[PDB]
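Chemist: Below is one structure. I have some questions about it.
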Amino acid sequence: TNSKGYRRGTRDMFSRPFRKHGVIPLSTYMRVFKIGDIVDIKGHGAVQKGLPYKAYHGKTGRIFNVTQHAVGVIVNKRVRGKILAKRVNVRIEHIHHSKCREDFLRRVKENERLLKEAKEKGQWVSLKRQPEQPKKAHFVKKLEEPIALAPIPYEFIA
Amino acid sequence: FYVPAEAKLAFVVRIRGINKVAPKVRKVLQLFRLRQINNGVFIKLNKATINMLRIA
Amino acid sequence: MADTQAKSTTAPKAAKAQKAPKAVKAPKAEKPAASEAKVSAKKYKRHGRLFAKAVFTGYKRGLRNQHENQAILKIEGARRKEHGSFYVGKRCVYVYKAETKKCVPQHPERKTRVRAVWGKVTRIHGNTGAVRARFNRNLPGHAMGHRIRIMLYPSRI
Amino acid sequence: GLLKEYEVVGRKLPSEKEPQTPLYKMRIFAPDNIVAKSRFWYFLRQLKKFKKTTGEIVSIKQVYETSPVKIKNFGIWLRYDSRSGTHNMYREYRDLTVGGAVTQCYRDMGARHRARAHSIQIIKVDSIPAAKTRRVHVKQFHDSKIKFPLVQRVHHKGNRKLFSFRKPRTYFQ
Amino acid sequence: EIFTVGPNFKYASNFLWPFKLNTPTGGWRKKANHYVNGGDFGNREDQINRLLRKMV
Amino acid sequence: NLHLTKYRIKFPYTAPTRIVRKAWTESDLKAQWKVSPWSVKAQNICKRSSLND
RNA sequence: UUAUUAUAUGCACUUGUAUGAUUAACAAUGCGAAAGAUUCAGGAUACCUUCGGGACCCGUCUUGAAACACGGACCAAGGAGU
RNA sequence: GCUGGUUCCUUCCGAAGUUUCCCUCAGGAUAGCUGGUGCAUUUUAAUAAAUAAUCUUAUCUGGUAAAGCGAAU
RNA sequence: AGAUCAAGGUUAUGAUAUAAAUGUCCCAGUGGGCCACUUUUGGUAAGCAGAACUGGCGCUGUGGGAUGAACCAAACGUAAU
RNA sequence: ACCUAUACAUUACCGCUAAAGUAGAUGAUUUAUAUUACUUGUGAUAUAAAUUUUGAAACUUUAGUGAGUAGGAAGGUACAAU
């Protein structure tokens with residue numbers, strides 16, 4: 001009859017997944033985050049002074065706090081419906097980077113350079129993003145082994 | 001073996017009502033401007049509209 | 001092989017004739033070498049002189065509506081949908097008797113005992129020859145089994 | 001449909017780690033030229049890895065049975081699935097063409113076994129010459145010549161006059 | 001800029017209002033399922049022309 | 001779909017049409033067809049067709 | 001070279017093509033007849049007469065009333081948002 | 001906080017049956033939905049290089065099937 | 001981190017926008033619900049209860065399984081085809 | 001091959017929502033004609049004729065569009081006395 005309160009429902013979430021227990025790495029005690037370096041909020045089991053509570057874990061956010069050994073985030077969570085902002089304070093080793101910006105920054109500097117090579121011939125930019133297309137119309141020699149090549153099933157009886 | 005070209009330029013005509021429609025197929029279908037029965041528009045095909053076209 | 005069938009049955013336009021577009025006969029003839037022209041026989045029944053008789057069978061009835069602005073007919077000559085399409089576009093007229101006169105004979109003579117609403121058939125409906133039909137007013141409702149008529153007007157060949 | 005015949009080859013799109021994929025082929029009898037295009041995937045998903053869309057369907061080819069005027073009979077192997085007794089199966093039906101020899105075979109398999117079309121895979125079609133048909137309801141027709149006064153009609157019943165006058169007296173000998 | 005597909009296409013069919021196709025006489029054959037078992041809606045892609053000769 | 005006549009003409013059961021084209025003229029059916037006394041009755045599709053006015 | 005097309009038709013006129021939700025020449029049928037008054041369509045105005053389908057008999061609380069759920073015999077005047 | 005009745009016509013729009021709190025559990029406040037009242041403005045408002053919503057592209061996110069006992073428990 | 005100069009393509013995924021954008025009255029109501037598919041506890045169970053995610057019924061006529069608030073077609077200005 | 005829905009389409013029509021147009025009429029406007037400046041030919045003058053009104057809360061025109069109790073605002077009518 002309960003959630004209500006403060007750490008219930010942490011079966012596979014809040015601990016350490018397999019073969020990573022014990023002493024923390026020291027890479028994540030080194031990282032640096034400016035204002036606007038978009039970052040994630042996730043779970044941990046090796047700094048037991050601080051957590052993001054039962055709903056947040058698995059969400060990412062902006063950073064507008066720079067402090068002693070903490071990070072204060074903006075994050076969106078579902079109320080019904082007034083989806084608000086929330087300011088959560090947390091010690092740093094709960095937190096991983098976004099890599100979702102980390103494709104986009106090399107989407108920038110290619111476009112500053114591929115326009116820069118375009119600045120000698122003019123046409124054309126072609127600088128937006130497009131997924132795969134309907135391709136072509138080949139003609140295909142066998143070339144490699146003419147047809148039939150006939151796999152027809154018969155397998156049930158066992 | 002000469003393949004034909006697999007094509008762009010589809011054309012999409014609604015078939016079924018306004019009602020008894022699935023949850024997130026209500027926003028996709030207002031996102032092609034098919035609303036009434038037997039209305040149609042065209043698309044520019046790629047993968048990025050197939051998995052909009054598949055969810056209707 | 002079927003290319004002469006794009007040719008040989010234009011001999012009806014050569015036996016009518018108009019511009020004579022075929023020399024091979026297709027004659028339905030009594031000759032042993034003349035075994036063609038392919039009639040979709042049989043039927044042999046007239047119902048076509050004038051007021052060719054066709055009794056009436058209720059409105060274009062839904063199961064649970066009416067749509068009484070139209071009406072549906074039973075055309076006693078016809079029995080397949082190639083028959084009845086010759087009853088496109090004819091009028092449809094039905095007489096039924098009543099008491100008084102109340103009108104002088106001026107457009108061509110009428111002592112006025114007969115009274116008749118009017119109309120016009122359109123299209124073939126039933127896969128055997130029942131052919132629905134619209135009237136001037138509405139087919140007065142008690143006629144389902146009255147002997148209404150179809151006159152030849154207008155007609156062609 | 002009348003179950004026309006298509007042969008069909010798949011592609012497995014040409015990914016650079018191994019270009020020129022081996023392009024396997026089926027033999028599909030199908031109600032339509034539009035529907036074998038997504039039946040070939042059902043046969044192909046029994047053997048290779050190959051899922052749509054990681055492969056293309058290079059040319060379906062309608063093939064035009066060669067000897068229609070002759071009356072050559074065929075056997076078909078068969079995989080029916082009834083209620084739970086999915087099996088192997090061998091039959092034959094004596095037909096004119098191969099394309100008529102699969103409509104009839106469906107519409108016997110749906111006729112005595114109920115065997116819907118979602119449980120039949122035409123695994124093989126062989127042109128049997130003679131002398132190996134087991135099939136007692138067929139090979140009694142091998143016996144040319146035959147007297148055969150099985151006098152039938154359409155029994156068009158009867159015809160036009162729904163109140164006739166002339167007593168329709170079938171046998172007429 | 002539609003039948004040949006080009007780079008002005010995206011503005012070349014928001015320019016059309018959706019049509020008002022009538023209803024295809026002969027009918028719809030079943031309207032039950034996807035094309036490749038029963039037959040109607042879906043990946044039909046080539047027999048759309050026998051529809052639009054009727055439906056429009 | 002068909003009714004039968006009464007004139008059996010010999011052929012091999014795997015005959016091409018050309019010997020049937022040969023033998024049908026040899027079996028003089030086209031002579032004796034229109035003399036069959038109730039294929040005189042066949043002439044109501046060959047004369048009583050359309051029975052002009 | 002061979003095909004091809006539009007541009008090189010002003011001047012008045014014409015019941016005249018098409019254009020402003022592109023329907024209209026003809027023909028018949030008839031006198032708004034001093035007052036009087038025939039003709040053609042319409043017309044359940046609210047009946048009665050004749051047939052085809054429809055169809056539970058009205059408030060209301062409730063998920064649900066045709067209710068084998070409560071209130072209603074009929075009518076005129078009075079009555080509840082100040 | 002419980003039942004009965006709460007009287008003229010059309011046009012427009014069109015819900016609730018939930019969370020909390022309460023000697024409340026047949027009721028009320030509360031947000032919720034709705035309706036009204038305008039008001040500020042987009043080359044997304046008047047003779048796009050800016051937005052807000054679904055898929056794509058990319059990037060993180062969970063232990064439920066399916067498994068798994070020739071690992072723990 | 002801030003203010004301020006210097007260089008800068010066509011603004012950077014698709015498809016739309018029946019128009020988007022907000023402050024009051026806290027505005028009348030309503031705070032008892034029902035069902036089918038999957039997913040599913042309680043119980044042997046039921047046209048019972050107890051729910052999460054949708055669609056619908058209450059608010060809704062309707063054409064169709066004679067019948068039936070939900071079933072499946074389709075969501076209802078007056079008219080002919 | 002046919003079968004029927006108040007659904008789908010097209011023509012009318014109703015109301016509703018949206019968009020858009022119209023006010024120097026002691027003018028505007030054609031139709032003719034006299035003349036003319038004459039610029040071949042386009043314009044101004046003069047005569048003759050006729051069309052030209054609305055609670056701009058009007059009027060024209062255009063597209064789309066219409067279910068509904070619980071409930072809120074919209075103009076409309078009865079029965080009053082001042």
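By convention here, the chains of the structure tokens are called A, B, ... in the order presented, each chain's residues are numbered starting at 1, and ligands are numbered starting at 1 in the order presented.
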Dump as a ChimeraX atom specification the residues of chain C that approach chain I to within 10 Å, counting only C-alpha atoms (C1' of nucleotides).

Modeler: /C:62-65,69

Chemist: Would you write out those residues with C-alpha atoms, as a tab-separated table (two decimals), in the first residue's frame?

Modeler:
```
chain	number	residue	atom	x	y	z
C	62	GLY	CA	-34.20	-0.98	-47.37
C	63	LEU	CA	-34.70	-3.46	-44.68
C	64	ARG	CA	-35.50	-0.75	-42.16
C	65	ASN	CA	-35.93	2.45	-44.14
C	69	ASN	CA	-39.21	9.10	-53.30
```

Chemist: Compute the set of chain C residues within 12 Å of chain J, using only C-alpha atoms (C1' of nucleotides), and express it as a CSV table (one decimal) with C-alpha atoms, in the first residue's frame.

Modeler:
```csv
chain,number,residue,atom,x,y,z
C,60,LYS,CA,-36.6,0.7,-53.2
C,61,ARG,CA,-36.9,-0.9,-49.9
C,62,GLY,CA,-34.2,-1.0,-47.4
C,63,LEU,CA,-34.7,-3.5,-44.7
C,64,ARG,CA,-35.5,-0.7,-42.2
C,65,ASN,CA,-35.9,2.4,-44.1
C,66,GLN,CA,-38.1,3.3,-47.1
C,67,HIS,CA,-36.8,5.9,-49.5
C,80,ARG,CA,-31.8,-11.3,-67.6
C,81,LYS,CA,-30.0,-8.0,-67.3
C,124,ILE,CA,-31.4,-1.7,-64.3
C,125,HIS,CA,-31.2,-2.9,-60.7
C,126,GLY,CA,-31.8,-6.6,-60.2
C,127,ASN,CA,-29.5,-9.2,-61.7
C,128,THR,CA,-32.7,-10.6,-63.2
C,129,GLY,CA,-34.3,-7.6,-64.8
C,130,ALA,CA,-36.0,-5.8,-61.9
```

Chemist: If I take atom CA of residue D:96 and atom CA of residue D:71, how far is one from the other in Å, to one decimal?

Modeler: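 According to the coordinates, atom CA of residue D:96 and atom CA of residue D:71 are separated by 5.2 Å.
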
Chemist: As a list in words, please: the residues near residue B:24 (cut-off 9 Å, only C-alpha atoms (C1' of nucleotides), same-chain neighbours under 5 positions excluded).

Modeler: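 Those residues are residues 29, 55 and 56 of chain B; 54 of chain H.
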
Chemist: Mind dumping the selected residues with N, CA, C and O atoms (P, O5', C5', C4', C3', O3' and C1' of nucleotides) as a PDB file, in the first residue's frame?

Modeler:
```
ATOM      1  N   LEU B  29      -2.055  10.734 -37.895  1.00  0.00           N
ATOM      2  CA  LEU B  29      -2.989  10.976 -38.980  1.00  0.00           C
ATOM      3  C   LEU B  29      -3.424  12.426 -39.073  1.00  0.00           C
ATOM      4  O   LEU B  29      -3.728  12.875 -40.172  1.00  0.00           O
ATOM      5  N   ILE B  55       2.921   2.957 -38.369  1.00  0.00           N
ATOM      6  CA  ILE B  55       2.088   3.141 -37.201  1.00  0.00           C
ATOM      7  C   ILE B  55       0.735   3.731 -37.584  1.00  0.00           C
ATOM      8  O   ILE B  55       0.032   4.272 -36.745  1.00  0.00           O
ATOM      9  N   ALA B  56       0.373   3.681 -38.855  1.00  0.00           N
ATOM     10  CA  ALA B  56      -1.030   3.755 -39.230  1.00  0.00           C
ATOM     11  C   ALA B  56      -1.376   2.699 -40.260  1.00  0.00           C
ATOM     12  O   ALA B  56      -2.507   2.669 -40.752  1.00  0.00           O
TER      13      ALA B  56
ATOM     14  P     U H  54       2.568  14.374 -29.693  1.00  0.00           P
ATOM     15  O5'   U H  54       3.250  13.686 -30.985  1.00  0.00           O
ATOM     16  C5'   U H  54       3.846  12.369 -30.963  1.00  0.00           C
ATOM     17  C4'   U H  54       4.054  11.803 -32.366  1.00  0.00           C
ATOM     18  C3'   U H  54       5.195  10.801 -32.566  1.00  0.00           C
ATOM     19  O3'   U H  54       4.730   9.459 -32.514  1.00  0.00           O
ATOM     20  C1'   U H  54       5.333  12.558 -34.167  1.00  0.00           C
TER      21        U H  54
END
```

Chemist: Quick one: residues within 12 Å of residue E:39, only C-alpha atoms (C1' of nucleotides) counted, chain neighbours fewer than 6 positions away excluded, as an MDAnalysis selection string?

Modeler: (chainID D and resid 31:32 34:35) or (chainID E and resid 28:33 47)

Chemist: Output the contact residues of chain D with respect to chain C at a cut-off of 9 Å, based on only C-alpha atoms, as a PyMOL selection string.

Modeler: chain D and resi 159-161

Chemist: Could those residues be written to a file, using N, CA and C atoms, as an mmCIF file, in the first residue's frame?

Modeler:
```
data_model
loop_
_atom_site.group_PDB
_atom_site.id
_atom_site.type_symbol
_atom_site.label_atom_id
_atom_site.label_comp_id
_atom_site.auth_asym_id
_atom_site.auth_seq_id
_atom_site.Cartn_x
_atom_site.Cartn_y
_atom_site.Cartn_z
ATOM 1 N N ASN D 159 -34.419 -23.487 -67.179
ATOM 2 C CA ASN D 159 -34.131 -22.203 -67.773
ATOM 3 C C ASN D 159 -35.412 -21.395 -67.770
ATOM 4 N N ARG D 160 -35.387 -20.295 -68.527
ATOM 5 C CA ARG D 160 -36.149 -19.055 -68.375
ATOM 6 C C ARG D 160 -37.551 -19.146 -67.793
ATOM 7 N N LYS D 161 -38.405 -19.988 -68.348
ATOM 8 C CA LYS D 161 -39.795 -19.950 -67.967
ATOM 9 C C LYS D 161 -39.911 -20.589 -66.604
#
```

Chemist: Excluding residue B:45 and its own-chain neighbours fewer than 2 positions away, which residues fall within 10 Å of it when counting only C-alpha atoms (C1' of nucleotides)? Please give them as an MDAnalysis selection string.

Modeler: (chainID A and resid 133:134) or (chainID B and resid 7:11 42:43 47:50 53) or (chainID I and resid 14)

Chemist: Can you tell me, as a PyMOL selection string, which residues in chain B count as strand (DSSP E) by DSSP?

Modeler: chain B and resi 11-13+40-42

Chemist: Quote the spacing between atom CA of residue A:80 and atom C1' of residue H:30 in Å to one decimal place.

Modeler: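 One can read the atom CA of residue A:80 to atom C1' of residue H:30 distance as 15.1 Å.
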
Chemist: Need the shell around stretch 44-53 of chain F: protein/DNA/RNA residues with any atom at most 7 Å away, counting only C-alpha atoms (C1' of nucleotides). Skip same-chain ones fewer than 3 positions apart. Format as an MDAnalysis selection string?

Modeler: (chainID C and resid 28:30) or (chainID F and resid 41)

Chemist: How about saving the chosen residues, N, CA, C and O atoms kept, as a short mmCIF file (atom, residue, chain, number, x, y, z; two decimals), in the first residue's frame?

Modeler:
```cif
data_model
loop_
_atom_site.label_atom_id
_atom_site.label_comp_id
_atom_site.auth_asym_id
_atom_site.auth_seq_id
_atom_site.Cartn_x
_atom_site.Cartn_y
_atom_site.Cartn_z
N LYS C 28 -25.38 -16.00 -88.97
CA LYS C 28 -26.30 -16.98 -88.39
C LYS C 28 -27.04 -17.78 -89.46
O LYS C 28 -28.23 -18.04 -89.33
N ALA C 29 -26.36 -18.16 -90.54
CA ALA C 29 -27.11 -18.65 -91.68
C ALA C 29 -27.35 -20.15 -91.58
O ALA C 29 -26.75 -20.86 -90.77
N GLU C 30 -28.25 -20.62 -92.44
CA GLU C 30 -28.58 -22.02 -92.57
C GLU C 30 -27.55 -22.81 -93.37
O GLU C 30 -27.73 -24.02 -93.55
N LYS F 41 -34.12 -29.12 -87.18
CA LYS F 41 -34.61 -28.32 -86.07
C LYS F 41 -33.54 -27.38 -85.55
O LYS F 41 -33.87 -26.38 -84.91
#
```

Chemist: Report as a PDB file with C-alpha atoms, in the first residue's frame all protein, DNA and RNA residues lying within 8 Å of stretch 53-55 of chain I, evaluated on only C-alpha atoms (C1' of nucleotides), omitting residues in the same chain fewer than 6 positions from it.

Modeler:
```pdb
ATOM      1  CA  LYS B  20     -12.244   3.248 -32.820  1.00  0.00           C
ATOM      2  CA  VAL B  21      -8.776   4.462 -33.640  1.00  0.00           C
ATOM      3  CA  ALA B  22      -5.654   3.445 -31.694  1.00  0.00           C
ATOM      4  CA  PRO B  23      -3.844   5.814 -29.251  1.00  0.00           C
TER       5      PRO B  23
END
```

Chemist: Sorted by chain and rising residue number, list the residues of chain A at most 12 Å from chain D (counting only C-alpha atoms), each with its closest atom pair and distance in Å to one decimal, as CSV.

Modeler:
```
residue,atom,partner,partner_atom,distance
A:134,CA,D:56,CA,11.3
A:135,CA,D:13,CA,10.7
A:136,CA,D:56,CA,11.6
A:137,CA,D:58,CA,10.3
A:138,CA,D:58,CA,9.8
A:139,CA,D:58,CA,9.5
A:140,CA,D:58,CA,8.8
A:141,CA,D:20,CA,9.6
A:142,CA,D:23,CA,8.2
A:143,CA,D:20,CA,8.5
A:144,CA,D:22,CA,7.4
A:145,CA,D:22,CA,7.9
A:146,CA,D:23,CA,9.1
A:147,CA,D:25,CA,6.6
A:148,CA,D:25,CA,5.5
A:149,CA,D:24,CA,4.9
A:150,CA,D:25,CA,5.2
A:151,CA,D:47,CA,6.9
A:152,CA,D:123,CA,6.0
A:153,CA,D:123,CA,6.6
A:154,CA,D:123,CA,7.0
A:155,CA,D:88,CA,8.6
A:156,CA,D:87,CA,6.5
A:157,CA,D:87,CA,6.7
A:158,CA,D:87,CA,10.2
```

Chemist: Please produce a file of those selected residues containing N, CA, C and O atoms, as an mmCIF file, in the first residue's frame.

Modeler:
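Dumped to selection03.cif:
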```cif
data_model
loop_
_atom_site.group_PDB
_atom_site.id
_atom_site.type_symbol
_atom_site.label_atom_id
_atom_site.label_comp_id
_atom_site.auth_asym_id
_atom_site.auth_seq_id
_atom_site.Cartn_x
_atom_site.Cartn_y
_atom_site.Cartn_z
ATOM 1 N N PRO A 134 15.472 5.573 -50.900
ATOM 2 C CA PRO A 134 15.371 4.587 -51.980
ATOM 3 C C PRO A 134 16.588 4.722 -52.873
ATOM 4 O O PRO A 134 16.947 5.825 -53.285
ATOM 5 N N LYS A 135 17.247 3.601 -53.153
ATOM 6 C CA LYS A 135 18.606 3.744 -53.653
ATOM 7 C C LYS A 135 18.692 4.063 -55.147
ATOM 8 O O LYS A 135 18.928 5.215 -55.498
ATOM 9 N N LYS A 136 18.409 3.108 -56.029
ATOM 10 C CA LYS A 136 18.977 3.088 -57.371
ATOM 11 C C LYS A 136 18.170 2.146 -58.245
ATOM 12 O O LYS A 136 17.044 1.783 -57.901
ATOM 13 N N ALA A 137 18.739 1.761 -59.386
ATOM 14 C CA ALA A 137 18.269 0.614 -60.163
ATOM 15 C C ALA A 137 19.481 -0.045 -60.815
ATOM 16 O O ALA A 137 19.891 0.348 -61.909
ATOM 17 N N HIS A 138 20.044 -1.047 -60.150
ATOM 18 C CA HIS A 138 21.190 -1.745 -60.702
ATOM 19 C C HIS A 138 20.762 -2.665 -61.833
ATOM 20 O O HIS A 138 19.578 -2.901 -62.077
ATOM 21 N N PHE A 139 21.756 -3.199 -62.519
ATOM 22 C CA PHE A 139 21.619 -4.493 -63.157
ATOM 23 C C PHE A 139 22.626 -5.410 -62.491
ATOM 24 O O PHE A 139 23.724 -4.974 -62.138
ATOM 25 N N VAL A 140 22.235 -6.661 -62.254
ATOM 26 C CA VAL A 140 23.027 -7.554 -61.415
ATOM 27 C C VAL A 140 23.287 -8.850 -62.169
ATOM 28 O O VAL A 140 22.380 -9.671 -62.342
ATOM 29 N N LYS A 141 24.522 -9.028 -62.622
ATOM 30 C CA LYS A 141 25.033 -10.306 -63.085
ATOM 31 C C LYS A 141 25.094 -11.279 -61.909
ATOM 32 O O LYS A 141 25.248 -10.874 -60.755
ATOM 33 N N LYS A 142 24.920 -12.570 -62.206
ATOM 34 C CA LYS A 142 25.037 -13.628 -61.207
ATOM 35 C C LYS A 142 26.416 -13.638 -60.544
ATOM 36 O O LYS A 142 26.518 -13.302 -59.365
ATOM 37 N N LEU A 143 27.449 -14.022 -61.298
ATOM 38 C CA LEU A 143 28.890 -13.660 -61.311
ATOM 39 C C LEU A 143 30.022 -14.283 -60.480
ATOM 40 O O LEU A 143 31.118 -13.735 -60.665
ATOM 41 N N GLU A 144 29.952 -15.321 -59.628
ATOM 42 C CA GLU A 144 28.945 -15.960 -58.766
ATOM 43 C C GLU A 144 27.653 -16.630 -59.240
ATOM 44 O O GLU A 144 26.557 -16.159 -58.967
ATOM 45 N N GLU A 145 27.838 -17.778 -59.907
ATOM 46 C CA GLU A 145 27.018 -18.949 -59.595
ATOM 47 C C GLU A 145 25.536 -18.795 -59.923
ATOM 48 O O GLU A 145 24.767 -18.347 -59.063
ATOM 49 N N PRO A 146 25.130 -19.062 -61.177
ATOM 50 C CA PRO A 146 23.711 -18.987 -61.575
ATOM 51 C C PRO A 146 22.681 -19.683 -60.687
ATOM 52 O O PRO A 146 22.990 -20.483 -59.799
ATOM 53 N N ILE A 147 21.425 -19.364 -60.973
ATOM 54 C CA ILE A 147 20.304 -19.434 -60.046
ATOM 55 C C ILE A 147 19.914 -20.869 -59.703
ATOM 56 O O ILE A 147 20.449 -21.816 -60.291
ATOM 57 N N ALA A 148 19.013 -21.023 -58.722
ATOM 58 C CA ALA A 148 18.463 -22.297 -58.243
ATOM 59 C C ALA A 148 19.563 -23.193 -57.653
ATOM 60 O O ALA A 148 19.894 -24.228 -58.231
ATOM 61 N N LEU A 149 20.141 -22.818 -56.489
ATOM 62 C CA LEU A 149 19.706 -21.937 -55.360
ATOM 63 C C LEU A 149 18.241 -21.998 -54.925
ATOM 64 O O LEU A 149 17.546 -20.995 -54.992
ATOM 65 N N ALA A 150 17.773 -23.175 -54.507
ATOM 66 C CA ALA A 150 16.359 -23.403 -54.219
ATOM 67 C C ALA A 150 16.187 -23.957 -52.808
ATOM 68 O O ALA A 150 16.092 -25.179 -52.622
ATOM 69 N N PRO A 151 16.173 -23.088 -51.777
ATOM 70 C CA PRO A 151 15.832 -23.554 -50.426
ATOM 71 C C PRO A 151 14.335 -23.574 -50.160
ATOM 72 O O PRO A 151 13.757 -22.523 -49.887
ATOM 73 N N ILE A 152 13.705 -24.744 -50.153
ATOM 74 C CA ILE A 152 12.270 -24.874 -49.934
ATOM 75 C C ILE A 152 12.086 -25.740 -48.698
ATOM 76 O O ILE A 152 12.684 -26.814 -48.620
ATOM 77 N N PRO A 153 11.283 -25.330 -47.723
ATOM 78 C CA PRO A 153 11.243 -26.057 -46.455
ATOM 79 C C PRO A 153 10.543 -27.393 -46.576
ATOM 80 O O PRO A 153 9.772 -27.651 -47.497
ATOM 81 N N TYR A 154 10.920 -28.273 -45.673
ATOM 82 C CA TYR A 154 10.180 -29.508 -45.464
ATOM 83 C C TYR A 154 10.174 -29.871 -43.982
ATOM 84 O O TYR A 154 9.506 -30.837 -43.592
ATOM 85 N N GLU A 155 10.794 -29.066 -43.130
ATOM 86 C CA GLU A 155 11.094 -29.456 -41.755
ATOM 87 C C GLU A 155 9.871 -29.255 -40.865
ATOM 88 O O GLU A 155 9.552 -28.130 -40.476
ATOM 89 N N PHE A 156 9.161 -30.338 -40.555
ATOM 90 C CA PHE A 156 8.434 -30.339 -39.295
ATOM 91 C C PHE A 156 8.845 -31.527 -38.459
ATOM 92 O O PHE A 156 9.118 -31.397 -37.263
ATOM 93 N N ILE A 157 8.829 -32.688 -39.098
ATOM 94 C CA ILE A 157 8.706 -33.957 -38.403
ATOM 95 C C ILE A 157 9.977 -34.227 -37.605
ATOM 96 O O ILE A 157 11.069 -34.368 -38.158
ATOM 97 N N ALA A 158 9.836 -34.231 -36.287
ATOM 98 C CA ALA A 158 10.951 -34.462 -35.391
ATOM 99 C C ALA A 158 10.410 -35.028 -34.106
ATOM 100 O O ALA A 158 11.165 -35.534 -33.284
#
```

Chemist: Give me, as a CSV table (one decimal) with N, CA and C atoms, in the first residue's frame, the contact residues of chain A against chain H at a cut-off of 8 Å, counting only C-alpha atoms (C1' of nucleotides).

Modeler:
```
chain,number,residue,atom,x,y,z
A,12,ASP,N,16.7,-3.6,-8.8
A,12,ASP,CA,17.9,-3.6,-9.7
A,12,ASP,C,18.4,-2.2,-10.1
A,13,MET,N,17.7,-1.2,-9.6
A,13,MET,CA,18.2,0.1,-10.0
A,13,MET,C,19.4,0.5,-9.2
A,40,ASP,N,23.5,14.0,-17.6
A,40,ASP,CA,22.5,12.9,-17.2
A,40,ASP,C,22.4,12.9,-15.7
A,58,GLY,N,17.4,7.9,-14.6
A,58,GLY,CA,17.1,7.7,-16.0
A,58,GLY,C,16.7,8.9,-16.8
A,59,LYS,N,16.9,10.1,-16.3
A,59,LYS,CA,16.7,11.4,-17.0
A,59,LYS,C,17.9,12.2,-17.0
A,98,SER,N,26.2,13.4,-21.1
A,98,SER,CA,25.5,13.2,-22.3
A,98,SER,C,26.5,12.9,-23.4
A,99,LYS,N,26.3,12.0,-24.2
A,99,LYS,CA,26.9,11.9,-25.5
A,99,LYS,C,26.0,12.4,-26.6
A,100,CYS,N,24.8,12.8,-26.3
A,100,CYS,CA,23.8,13.2,-27.3
A,100,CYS,C,24.2,14.6,-27.9
A,101,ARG,N,24.9,15.4,-27.1
A,101,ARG,CA,25.5,16.6,-27.7
A,101,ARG,C,26.8,16.2,-28.5
A,102,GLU,N,27.4,15.0,-28.1
A,102,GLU,CA,28.7,14.8,-28.5
A,102,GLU,C,28.8,14.3,-30.0
A,103,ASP,N,27.6,13.9,-30.6
A,103,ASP,CA,27.6,13.9,-32.0
A,103,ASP,C,27.5,15.3,-32.6
A,129,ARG,N,20.8,17.1,-42.8
A,129,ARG,CA,20.9,15.7,-42.5
A,129,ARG,C,19.8,14.9,-43.2
A,130,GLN,N,20.2,13.8,-43.8
A,130,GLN,CA,19.2,13.0,-44.5
A,130,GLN,C,19.5,11.5,-44.2
A,131,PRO,N,18.5,10.7,-43.8
A,131,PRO,CA,18.8,9.3,-43.6
A,131,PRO,C,18.9,8.5,-44.9
```

Chemist: Kindly provide, as a VMD selection string, the residues of chain E having any atom no farther than 10 Å from an atom of chain J, counting only C-alpha atoms (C1' of nucleotides).

Modeler: chain E and resid 20 to 24 26 56

Chemist: Keeping only C-alpha atoms, take the residues you just selected and write them out as a tab-separated table (two decimals), in the first residue's frame.

Modeler:
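Everything below was put into out.tsv:
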```tsv
chain	number	residue	atom	x	y	z
E	20	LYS	CA	-12.36	14.35	-51.96
E	21	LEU	CA	-12.24	10.96	-53.61
E	22	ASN	CA	-15.65	9.58	-54.18
E	23	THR	CA	-16.08	5.83	-53.50
E	24	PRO	CA	-14.80	3.09	-55.87
E	26	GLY	CA	-17.40	-2.50	-57.82
E	56	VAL	CA	-11.77	9.12	-58.16
```

Chemist: Taking only C-alpha atoms into account, report as a ChimeraX atom specification which residues of chain D lie within 9 Å of chain E.

Modeler: /D:34-39,117-118

Chemist: Go ahead and write the residues just picked, C-alpha atoms, as a CSV table (one decimal), in the first residue's frame.

Modeler:
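File produced: out17.csv:
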```csv
chain,number,residue,atom,x,y,z
D,34,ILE,CA,1.6,-8.2,-55.8
D,35,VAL,CA,1.3,-10.9,-53.1
D,36,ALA,CA,4.2,-13.1,-53.8
D,37,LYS,CA,6.4,-10.1,-53.1
D,38,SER,CA,5.6,-10.6,-49.4
D,39,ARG,CA,5.2,-14.4,-49.5
D,117,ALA,CA,-4.4,-21.0,-46.9
D,118,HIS,CA,-2.2,-19.8,-44.0
```

Chemist: Define the interface residues of chain I facing chain A as those within 10 Å, counting only C-alpha atoms (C1' of nucleotides), and report them as a VMD selection string.

Modeler: chain I and resid 1 8 to 14
